[PDB]
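J.: Below is structure36.txt; it holds compact mmCIF, C-alpha atoms and all ligand atoms.
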# COMPACT_ATOMS: atom_id res chain seq x y z
CA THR C 1 -134.97 -35.95 184.75
CA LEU C 2 -134.97 -39.40 183.15
CA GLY C 3 -133.83 -42.54 184.89
CA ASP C 4 -131.84 -45.40 183.35
CA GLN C 5 -131.84 -45.27 179.55
CA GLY C 6 -129.51 -48.26 179.27
CA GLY C 7 -130.06 -51.52 177.44
CA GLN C 8 -130.77 -49.92 174.03
CA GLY C 9 -128.12 -52.13 172.37
CA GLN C 10 -130.60 -55.06 172.81
CA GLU C 11 -133.07 -53.29 170.40
CA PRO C 12 -131.17 -50.53 168.67
CA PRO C 13 -133.14 -48.07 166.47
CA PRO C 14 -132.29 -48.26 162.79
CA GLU C 15 -131.09 -45.12 160.90
CA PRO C 16 -132.10 -42.34 160.77
CA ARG C 17 -131.26 -42.20 164.40
CA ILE C 18 -129.95 -39.50 166.72
CA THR C 19 -128.67 -39.63 170.28
CA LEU C 20 -129.70 -36.63 172.39
CA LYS C 21 -129.49 -35.93 176.08
CA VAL C 22 -133.01 -35.78 177.53
CA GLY C 23 -133.59 -34.98 181.20
CA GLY C 24 -129.90 -35.55 181.84
CA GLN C 25 -129.62 -38.99 180.10
CA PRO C 26 -128.54 -40.00 176.60
CA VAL C 27 -131.40 -41.39 174.53
CA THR C 28 -131.04 -42.84 171.03
CA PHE C 29 -134.18 -42.16 168.97
CA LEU C 30 -135.40 -43.40 165.68
CA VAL C 31 -136.30 -40.22 163.80
CA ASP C 32 -139.79 -41.34 162.73
CA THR C 33 -141.79 -39.09 160.38
CA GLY C 34 -144.58 -41.66 160.79
CA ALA C 35 -145.04 -40.72 164.49
CA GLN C 36 -147.22 -37.70 165.43
CA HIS C 37 -145.72 -37.60 168.96
CA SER C 38 -142.27 -38.33 170.34
CA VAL C 39 -141.95 -41.31 172.66
CA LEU C 40 -139.74 -42.46 175.50
CA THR C 41 -139.84 -46.17 176.19
CA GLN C 42 -138.35 -46.39 179.65
CA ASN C 43 -137.75 -44.51 183.03
CA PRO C 44 -139.22 -41.33 181.69
CA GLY C 45 -139.27 -39.33 184.97
CA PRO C 46 -142.54 -37.86 186.39
CA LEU C 47 -145.73 -38.13 184.31
CA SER C 48 -148.44 -35.61 183.82
CA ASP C 49 -152.07 -36.61 184.34
CA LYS C 50 -152.72 -36.09 180.54
CA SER C 51 -152.71 -39.07 178.22
CA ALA C 52 -153.07 -39.85 174.52
CA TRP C 53 -154.65 -42.63 172.58
CA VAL C 54 -151.98 -44.53 170.51
CA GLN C 55 -153.68 -46.61 167.79
CA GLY C 60 -154.22 -49.41 170.41
CA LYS C 61 -154.20 -47.90 173.87
CA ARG C 62 -153.66 -44.96 176.14
CA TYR C 63 -150.34 -43.65 177.49
CA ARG C 64 -149.34 -40.67 179.61
CA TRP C 65 -147.36 -37.61 178.61
CA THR C 66 -144.30 -36.75 180.67
CA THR C 67 -143.95 -33.39 182.28
CA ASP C 68 -141.66 -31.02 180.33
CA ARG C 69 -138.11 -32.37 179.74
CA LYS C 70 -134.96 -30.52 178.75
CA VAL C 71 -133.63 -31.83 175.44
CA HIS C 72 -129.91 -31.17 174.87
CA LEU C 73 -128.94 -30.89 171.21
CA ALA C 74 -125.37 -30.45 169.84
CA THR C 75 -125.86 -26.68 169.84
CA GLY C 76 -128.87 -25.65 171.88
CA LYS C 77 -131.56 -26.89 174.20
CA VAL C 78 -135.34 -27.20 173.84
CA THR C 79 -138.15 -28.16 176.26
CA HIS C 80 -140.42 -31.02 175.16
CA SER C 81 -142.86 -33.51 176.55
CA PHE C 82 -142.90 -37.07 175.42
CA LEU C 83 -145.40 -39.88 175.56
CA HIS C 84 -144.31 -42.76 177.72
CA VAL C 85 -144.92 -45.77 175.58
CA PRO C 86 -143.14 -48.83 176.95
CA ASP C 87 -144.85 -51.09 174.30
CA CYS C 88 -142.71 -49.51 171.58
CA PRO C 89 -139.33 -51.10 170.62
CA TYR C 90 -137.43 -47.77 170.76
CA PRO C 91 -137.64 -44.08 171.60
CA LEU C 92 -139.09 -42.08 168.69
CA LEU C 93 -138.46 -38.49 167.71
CA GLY C 94 -141.74 -37.81 165.93
CA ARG C 95 -143.22 -34.91 163.96
CA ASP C 96 -144.03 -32.78 167.05
CA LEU C 97 -140.20 -32.44 167.71
CA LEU C 98 -139.15 -32.39 164.10
CA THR C 99 -141.40 -29.41 163.42
CA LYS C 100 -140.29 -27.66 166.62
CA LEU C 101 -136.59 -28.13 165.66
CA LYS C 102 -137.18 -27.50 161.84
CA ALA C 103 -135.00 -30.57 161.47
CA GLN C 104 -133.91 -31.98 158.14
CA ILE C 105 -133.31 -35.63 157.40
CA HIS C 106 -130.84 -36.40 154.72
CA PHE C 107 -130.56 -39.86 153.11
CA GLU C 108 -127.16 -40.84 151.71
CA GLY C 109 -127.07 -44.45 150.41
CA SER C 110 -124.77 -44.96 153.37
CA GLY C 111 -127.57 -44.23 155.84
CA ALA C 112 -129.05 -40.97 157.00
CA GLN C 113 -128.04 -37.66 158.67
CA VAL C 114 -130.30 -35.62 160.95
CA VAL C 115 -129.43 -31.92 161.07
CA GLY C 116 -130.91 -28.60 162.18
CA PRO C 117 -132.34 -25.94 159.83
CA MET C 118 -128.80 -24.68 159.12
CA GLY C 119 -127.19 -28.06 158.66
CA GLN C 120 -125.89 -28.09 162.21
CA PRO C 121 -125.24 -31.43 163.98
CA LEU C 122 -128.12 -32.06 166.39
CA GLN C 123 -126.71 -35.23 167.92
CA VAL C 124 -124.73 -35.15 171.14
CA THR E 1 -149.34 -51.48 136.77
CA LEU E 2 -151.75 -50.60 139.62
CA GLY E 3 -155.55 -50.94 139.82
CA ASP E 4 -158.00 -48.34 141.15
CA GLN E 5 -156.38 -46.13 143.83
CA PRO E 12 -155.49 -39.73 153.87
CA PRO E 13 -151.86 -39.80 155.00
CA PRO E 14 -150.57 -37.09 157.30
CA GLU E 15 -147.70 -34.80 156.30
CA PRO E 16 -145.00 -35.45 155.10
CA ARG E 17 -147.14 -36.63 152.15
CA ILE E 18 -146.08 -37.10 148.54
CA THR E 19 -148.09 -38.03 145.46
CA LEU E 20 -146.21 -40.07 142.87
CA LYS E 21 -147.15 -41.98 139.71
CA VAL E 22 -146.37 -45.64 140.40
CA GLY E 23 -147.11 -48.27 137.78
CA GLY E 24 -149.27 -45.82 135.89
CA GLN E 25 -151.45 -44.62 138.82
CA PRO E 26 -151.11 -41.74 141.25
CA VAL E 27 -150.42 -42.93 144.81
CA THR E 28 -150.29 -40.59 147.80
CA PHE E 29 -147.75 -41.91 150.35
CA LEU E 30 -146.85 -41.05 153.91
CA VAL E 31 -143.05 -40.53 153.77
CA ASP E 32 -142.25 -42.80 156.75
CA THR E 33 -138.66 -42.99 157.98
CA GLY E 34 -139.94 -45.61 160.48
CA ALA E 35 -140.64 -48.06 157.64
CA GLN E 36 -137.88 -50.24 156.17
CA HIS E 37 -139.91 -51.14 153.12
CA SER E 38 -142.27 -49.12 150.93
CA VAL E 39 -145.86 -50.22 150.95
CA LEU E 40 -148.93 -50.22 148.72
CA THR E 41 -152.25 -50.90 150.38
CA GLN E 42 -154.80 -51.19 147.47
CA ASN E 43 -154.86 -52.92 143.97
CA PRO E 44 -151.04 -53.12 143.73
CA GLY E 45 -151.07 -55.11 140.42
CA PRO E 46 -149.22 -58.48 139.90
CA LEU E 47 -147.55 -59.88 143.02
CA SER E 48 -144.24 -61.63 143.13
CA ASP E 49 -143.75 -65.05 144.86
CA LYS E 50 -141.34 -63.39 147.31
CA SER E 51 -142.56 -62.11 150.61
CA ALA E 52 -141.42 -60.46 153.82
CA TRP E 53 -142.36 -60.87 157.47
CA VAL E 54 -143.50 -57.53 158.92
CA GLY E 60 -146.19 -59.81 162.97
CA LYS E 61 -147.23 -60.94 159.47
CA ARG E 62 -146.08 -62.11 156.01
CA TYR E 63 -146.89 -60.06 152.88
CA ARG E 64 -145.96 -60.38 149.23
CA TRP E 65 -143.69 -58.07 147.30
CA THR E 66 -145.07 -56.63 144.05
CA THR E 67 -143.11 -57.22 140.89
CA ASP E 68 -141.08 -54.11 139.95
CA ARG E 69 -143.00 -50.82 139.36
CA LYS E 70 -141.83 -47.66 137.58
CA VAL E 71 -141.82 -44.80 140.07
CA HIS E 72 -142.04 -41.28 138.50
CA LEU E 73 -140.16 -38.46 140.27
CA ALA E 74 -139.19 -34.93 139.33
CA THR E 75 -135.63 -36.28 139.70
CA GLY E 76 -136.16 -39.04 137.06
CA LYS E 77 -137.79 -42.46 137.13
CA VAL E 78 -136.80 -45.44 139.27
CA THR E 79 -137.77 -49.10 139.38
CA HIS E 80 -138.95 -50.36 142.83
CA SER E 81 -140.99 -53.22 144.30
CA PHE E 82 -143.36 -52.52 147.15
CA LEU E 83 -144.76 -54.71 149.85
CA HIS E 84 -148.46 -55.19 149.52
CA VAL E 85 -149.83 -54.61 152.99
CA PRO E 86 -153.66 -54.09 152.88
CA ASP E 87 -153.79 -53.91 156.66
CA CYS E 88 -151.84 -50.64 156.71
CA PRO E 89 -153.94 -47.45 156.66
CA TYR E 90 -152.00 -45.81 153.75
CA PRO E 91 -149.20 -46.31 151.32
CA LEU E 92 -145.76 -45.74 152.88
CA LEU E 93 -142.61 -44.47 151.23
CA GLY E 94 -139.98 -46.07 153.39
CA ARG E 95 -136.27 -45.96 153.92
CA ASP E 96 -135.61 -48.32 150.94
CA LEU E 97 -136.82 -45.70 148.43
CA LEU E 98 -135.65 -42.62 150.34
CA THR E 99 -132.13 -44.05 150.19
CA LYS E 100 -132.37 -45.00 146.53
CA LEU E 101 -133.36 -41.36 145.90
CA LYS E 102 -130.93 -39.71 148.38
CA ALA E 103 -134.04 -37.84 149.42
CA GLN E 104 -134.08 -35.17 152.15
CA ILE E 105 -137.06 -34.30 154.32
CA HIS E 106 -137.13 -30.74 155.54
CA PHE E 107 -139.53 -29.70 158.33
CA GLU E 108 -140.98 -26.30 158.76
CA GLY E 109 -143.26 -25.28 161.68
CA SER E 110 -146.51 -26.65 160.29
CA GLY E 111 -145.42 -29.22 157.74
CA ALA E 112 -142.58 -30.54 155.60
CA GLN E 113 -141.14 -30.80 152.07
CA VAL E 114 -139.62 -33.91 150.50
CA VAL E 115 -136.82 -32.94 148.26
CA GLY E 116 -134.00 -34.56 146.18
CA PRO E 117 -130.22 -34.68 146.83
CA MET E 118 -129.82 -31.16 145.53
CA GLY E 119 -132.83 -29.45 147.08
CA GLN E 120 -135.47 -29.88 144.33
CA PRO E 121 -139.01 -31.10 145.22
CA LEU E 122 -139.46 -34.77 144.28
CA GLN E 123 -143.16 -34.59 143.53
CA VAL E 124 -144.15 -33.75 139.95
CA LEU E 125 -147.97 -33.77 140.39
K K R 201 -129.40 -44.80 175.89
Kindly return the structure encoded in the file as structure tokens.
Ligand SMILES: [K+]
T.:
Amino acid sequence: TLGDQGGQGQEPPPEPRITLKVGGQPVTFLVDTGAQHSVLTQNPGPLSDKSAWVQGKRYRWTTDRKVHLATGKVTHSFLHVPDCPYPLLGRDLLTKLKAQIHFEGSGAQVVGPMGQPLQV
Amino acid sequence: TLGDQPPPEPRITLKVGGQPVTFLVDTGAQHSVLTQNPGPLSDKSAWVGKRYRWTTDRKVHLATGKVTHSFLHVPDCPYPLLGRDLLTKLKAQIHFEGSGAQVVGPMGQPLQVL
């Protein structure tokens, strides 16, 4: 379960972005193909004892979290990186979801492998 | 034109200014970046915690046609980045499979020619 995910309007991710429910709370992520691992920036719930080097310093992985998508749920663990401006959905989750990112001129859409809305 | 020229997936290799450049396709980047011998630089620049110069315009060769684009010259970046500016110009789509990804045009065709 996550704690407070509020205050994102102070540093909103740019598009492509997607809001998902993670551990019971809505989180708006930048969908970031440049990130190997997905990241929560605040109140991430309990942390495992495992950590990763982020190039740079070391941060802990969360335990498994439920990730609510428009039409299904997945389990995923995130790095807790407070020194990041916003939550990132990185390649680990993109590959797991077989997500597609579509650019439009007017911004970007993030959909599932069948074009389904992912965003809650 | 570029002078003498590894990113993780999603990677794409494009001819830019006459030279092949392998880019990370980076939705986290506002601006596209060249890191090495980027050819003539403009007098315009962007803050990124640092200020870097834009290149003058460069022909970018895609399977979908050619486009003109200026890149930020950022040597202190580990690899060239194809950022949201170009992805939007191209109406590109990035499709993930389990172990990788494909970068494709507005109608499903691969963008890379090489
Ligand atoms: K939020």
J.: Taking a cut-off of 8 Å and counting only C-alpha atoms and all ligand atoms, can you build a table that, for each residue of chain C near ligand K 201 (chain R), reports the nearest atom pair and how far apart they are in Å (one decimal), sorted by chain then residue number, as a tab-separated table?
T.:
residue	atom	partner	partner_atom	distance
C:4	CA	R:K201	K	7.9
C:5	CA	R:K201	K	4.4
C:6	CA	R:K201	K	4.8
C:7	CA	R:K201	K	6.9
C:8	CA	R:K201	K	5.6
C:19	CA	R:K201	K	7.7
C:25	CA	R:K201	K	7.2
C:26	CA	R:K201	K	4.9
C:27	CA	R:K201	K	4.2
C:28	CA	R:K201	K	5.5
J.: Counting only C-alpha atoms, figure out which residue out of E:109, E:26, E:12, E:91 gets nearest to chain C.
T.: E:109
J.: Using all atoms listed in the file, find each residue in chain E having at least one atom no more than 7 Å away from chain C; report its shortest atom-to-atom pair and that distance in Å (one decimal), rows by chain then rising number, as JSON lines.
T.:
{"residue": "E:31", "atom": "CA", "partner": "C:33", "partner_atom": "CA", "distance": 6.9}
{"residue": "E:32", "atom": "CA", "partner": "C:34", "partner_atom": "CA", "distance": 4.8}
{"residue": "E:33", "atom": "CA", "partner": "C:32", "partner_atom": "CA", "distance": 5.2}
{"residue": "E:34", "atom": "CA", "partner": "C:32", "partner_atom": "CA", "distance": 4.8}
{"residue": "E:98", "atom": "CA", "partner": "C:107", "partner_atom": "CA", "distance": 6.4}
{"residue": "E:99", "atom": "CA", "partner": "C:109", "partner_atom": "CA", "distance": 5.1}
{"residue": "E:100", "atom": "CA", "partner": "C:109", "partner_atom": "CA", "distance": 6.6}
{"residue": "E:102", "atom": "CA", "partner": "C:107", "partner_atom": "CA", "distance": 4.7}
{"residue": "E:103", "atom": "CA", "partner": "C:107", "partner_atom": "CA", "distance": 5.5}
{"residue": "E:104", "atom": "CA", "partner": "C:106", "partner_atom": "CA", "distance": 4.3}
{"residue": "E:105", "atom": "CA", "partner": "C:105", "partner_atom": "CA", "distance": 5.0}
{"residue": "E:106", "atom": "CA", "partner": "C:104", "partner_atom": "CA", "distance": 4.3}
{"residue": "E:107", "atom": "CA", "partner": "C:102", "partner_atom": "CA", "distance": 4.8}
{"residue": "E:108", "atom": "CA", "partner": "C:102", "partner_atom": "CA", "distance": 5.0}
{"residue": "E:109", "atom": "CA", "partner": "C:99", "partner_atom": "CA", "distance": 4.9}
{"residue": "E:110", "atom": "CA", "partner": "C:99", "partner_atom": "CA", "distance": 6.6}
{"residue": "E:111", "atom": "CA", "partner": "C:99", "partner_atom": "CA", "distance": 7.0}
J.: Which one is closest to residue 90 (chain E): E:41, E:51, E:25, E:113? Count all atoms listed in the file.
T.: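 Looking at the shortest contact to residue 90 (chain E), the residue is E:41.
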J.: Which residue out of E:65, E:28, E:101, E:71 has the minimum interatomic distance to residue 1 (chain E) when all atoms listed in the file are used?
T.: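 The answer is E:71, which sits nearest to residue 1 (chain E).
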J.: Interatomic distance between CA of residue 73 (chain C) and CA of residue 15 (chain E)?
T.: 24.3 Å
J.: I'd like the interatomic distance between CA of residue 4 (chain E) and CA of residue 84 (chain E), to a tenth of an Å.
T.: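 Going from CA of residue 4 (chain E) over to CA of residue 84 (chain E), I get 14.4 Å.
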J.: Which residues come within 9 Å of residue 74 (chain E), counting only C-alpha atoms, excluding same-chain residues fewer than 5 positions away, as JSON, numbers by chain?
T.: {"E": [116, 120, 121, 122, 123, 124, 125]}
J.: Point out the residue among C:70, C:10, C:78, C:84 with the least atom-to-atom distance to residue 47 (chain C), counting all atoms listed in the file.
T.: C:84
J.: Leaving out residue 45 (chain E) and any residue of its chain fewer than 2 positions from it, which residues lie within 12 Å of it when counting all atoms listed in the file, given as a ChimeraX atom specification?
T.: /E:1-5,22-25,40-43,47-48,64-69,81-84
J.: Got time to write the residues from that selection, C-alpha atoms, as a tab-separated table (two decimals), in the frame of the given file?
T.:
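Okay, this is what ended up in again-v2.tsv:
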chain	number	residue	atom	x	y	z
E	1	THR	CA	-149.34	-51.48	136.77
E	2	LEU	CA	-151.75	-50.60	139.62
E	3	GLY	CA	-155.55	-50.94	139.82
E	4	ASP	CA	-158.00	-48.34	141.15
E	5	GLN	CA	-156.38	-46.13	143.83
E	22	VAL	CA	-146.37	-45.64	140.40
E	23	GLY	CA	-147.11	-48.27	137.78
E	24	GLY	CA	-149.27	-45.82	135.89
E	25	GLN	CA	-151.45	-44.62	138.82
E	40	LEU	CA	-148.93	-50.22	148.72
E	41	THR	CA	-152.25	-50.90	150.38
E	42	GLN	CA	-154.80	-51.19	147.47
E	43	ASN	CA	-154.86	-52.92	143.97
E	47	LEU	CA	-147.55	-59.88	143.02
E	48	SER	CA	-144.24	-61.63	143.13
E	64	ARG	CA	-145.96	-60.38	149.23
E	65	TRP	CA	-143.69	-58.07	147.30
E	66	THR	CA	-145.07	-56.63	144.05
E	67	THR	CA	-143.11	-57.22	140.89
E	68	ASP	CA	-141.08	-54.11	139.95
E	69	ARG	CA	-143.00	-50.82	139.36
E	81	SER	CA	-140.99	-53.22	144.30
E	82	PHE	CA	-143.36	-52.52	147.15
E	83	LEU	CA	-144.76	-54.71	149.85
E	84	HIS	CA	-148.46	-55.19	149.52
J.: Any idea what's packed within 8 Å of residue 124 (chain C), counting all atoms listed in the file, ignoring anything in its chain fewer than 2 positions away? Could you give it as a list in words?
T.: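 Neighbouring residues, sequence-local ones excluded: residues 19, 20, 21, 72, 73, 74 and 122 of chain C.
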J.: Considering all atoms listed in the file, can you say which of E:29, E:46, E:75, E:38 comes closest to residue 117 (chain E)?
T.: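 Closest to residue 117 (chain E) of all the choices is E:75.
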J.: What does the distance from CA of residue 63 (chain E) to CA of residue 36 (chain E) come to in Å, to one decimal?
T.: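 One can read the CA of residue 63 (chain E) to CA of residue 36 (chain E) distance as 13.7 Å.
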J.: Kindly extract all protein, DNA and RNA residues lying within 6 Å of the coordinates (-141.8, -33.3, 178.3) given in the file, considering all atoms listed in the file, and supply them as a list in words.
T.: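 The requested residues, written out, are residues 66, 67, 68, 69, 80, 81 and 82 of chain C.
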J.: Specify the axis-aligned box that encloses all atoms of region 55-71 of chain C listed in the file after padding of 8 Å on each side, stating its centre and edge lengths in Å to one decimal as AutoDock Vina command-line options.
T.:
--center_x -143.9 --center_y -40.0 --center_z 175.0 --size_x 36.6 --size_y 34.9 --size_z 30.5
J.: Would you mind putting back N, CA and C atoms on region 29-66 of chain E, then writing it out as a tab-separated table (two decimals), in the frame of the given file?
T.:
chain	number	residue	atom	x	y	z
E	29	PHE	N	-148.48	-41.18	149.31
E	29	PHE	CA	-147.75	-41.91	150.35
E	29	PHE	C	-147.54	-41.01	151.58
E	30	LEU	N	-147.56	-41.62	152.78
E	30	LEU	CA	-146.85	-41.05	153.91
E	30	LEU	C	-145.34	-41.29	153.66
E	31	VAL	N	-144.50	-40.28	153.85
E	31	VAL	CA	-143.05	-40.53	153.77
E	31	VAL	C	-142.67	-40.89	155.21
E	32	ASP	N	-142.29	-42.16	155.41
E	32	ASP	CA	-142.25	-42.80	156.75
E	32	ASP	C	-140.84	-43.35	156.99
E	33	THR	N	-140.06	-42.59	157.74
E	33	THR	CA	-138.66	-42.99	157.98
E	33	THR	C	-138.66	-44.20	158.94
E	34	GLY	N	-139.80	-44.46	159.58
E	34	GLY	CA	-139.94	-45.61	160.48
E	34	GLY	C	-140.19	-46.90	159.72
E	35	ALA	N	-140.33	-46.85	158.40
E	35	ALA	CA	-140.64	-48.06	157.64
E	35	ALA	C	-139.41	-48.48	156.86
E	36	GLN	N	-139.02	-49.73	156.99
E	36	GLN	CA	-137.88	-50.24	156.17
E	36	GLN	C	-138.28	-50.33	154.72
E	37	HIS	N	-139.48	-50.82	154.47
E	37	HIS	CA	-139.91	-51.14	153.12
E	37	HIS	C	-141.05	-50.22	152.73
E	38	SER	N	-141.11	-49.85	151.46
E	38	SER	CA	-142.27	-49.12	150.93
E	38	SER	C	-143.45	-50.05	150.74
E	39	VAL	N	-144.64	-49.47	150.89
E	39	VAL	CA	-145.86	-50.22	150.95
E	39	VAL	C	-146.93	-49.65	150.03
E	40	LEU	N	-147.64	-50.55	149.36
E	40	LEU	CA	-148.93	-50.22	148.72
E	40	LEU	C	-150.04	-50.94	149.46
E	41	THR	N	-151.19	-50.30	149.61
E	41	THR	CA	-152.25	-50.90	150.38
E	41	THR	C	-153.41	-51.45	149.53
E	42	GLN	N	-153.60	-50.90	148.33
E	42	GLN	CA	-154.80	-51.19	147.47
E	42	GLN	C	-154.38	-51.57	146.03
E	43	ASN	N	-155.05	-52.56	145.40
E	43	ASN	CA	-154.86	-52.92	143.97
E	43	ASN	C	-153.44	-52.64	143.49
E	44	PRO	N	-152.46	-53.44	143.97
E	44	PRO	CA	-151.04	-53.12	143.73
E	44	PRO	C	-150.52	-53.74	142.44
E	45	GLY	N	-151.40	-54.39	141.68
E	45	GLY	CA	-151.07	-55.11	140.42
E	45	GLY	C	-150.43	-56.47	140.72
E	46	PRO	N	-149.77	-57.10	139.73
E	46	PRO	CA	-149.22	-58.48	139.90
E	46	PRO	C	-148.23	-58.62	141.07
E	47	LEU	N	-148.40	-59.70	141.84
E	47	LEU	CA	-147.55	-59.88	143.02
E	47	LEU	C	-146.49	-60.87	142.70
E	48	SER	N	-145.33	-60.68	143.30
E	48	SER	CA	-144.24	-61.63	143.13
E	48	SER	C	-144.52	-62.93	143.96
E	49	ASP	N	-143.63	-63.92	143.92
E	49	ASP	CA	-143.75	-65.05	144.86
E	49	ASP	C	-142.88	-64.86	146.10
E	50	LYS	N	-142.20	-63.72	146.19
E	50	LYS	CA	-141.34	-63.39	147.31
E	50	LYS	C	-142.14	-62.64	148.34
E	51	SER	N	-141.74	-62.72	149.58
E	51	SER	CA	-142.56	-62.11	150.61
E	51	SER	C	-141.67	-61.70	151.76
E	52	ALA	N	-142.20	-60.89	152.67
E	52	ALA	CA	-141.42	-60.46	153.82
E	52	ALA	C	-142.30	-60.57	155.07
E	53	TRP	N	-141.68	-60.92	156.19
E	53	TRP	CA	-142.36	-60.87	157.47
E	53	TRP	C	-142.33	-59.41	157.98
E	54	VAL	N	-143.44	-58.94	158.52
E	54	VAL	CA	-143.50	-57.53	158.92
E	54	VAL	C	-143.97	-57.40	160.35
E	60	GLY	N	-145.91	-58.39	162.73
E	60	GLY	CA	-146.19	-59.81	162.97
E	60	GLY	C	-146.84	-60.61	161.84
E	61	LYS	N	-146.59	-60.23	160.58
E	61	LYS	CA	-147.23	-60.94	159.47
E	61	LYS	C	-146.41	-60.98	158.18
E	62	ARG	N	-146.75	-61.93	157.31
E	62	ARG	CA	-146.08	-62.11	156.01
E	62	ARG	C	-146.88	-61.53	154.83
E	63	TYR	N	-146.23	-60.71	154.03
E	63	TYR	CA	-146.89	-60.06	152.88
E	63	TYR	C	-146.03	-60.22	151.64
E	64	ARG	N	-146.67	-60.19	150.47
E	64	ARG	CA	-145.96	-60.38	149.23
E	64	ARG	C	-145.41	-59.05	148.72
E	65	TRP	N	-144.26	-59.16	148.07
E	65	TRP	CA	-143.69	-58.07	147.30
E	65	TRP	C	-144.46	-58.00	145.97
E	66	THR	N	-144.64	-56.78	145.44
E	66	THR	CA	-145.07	-56.63	144.05
E	66	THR	C	-143.89	-56.99	143.16
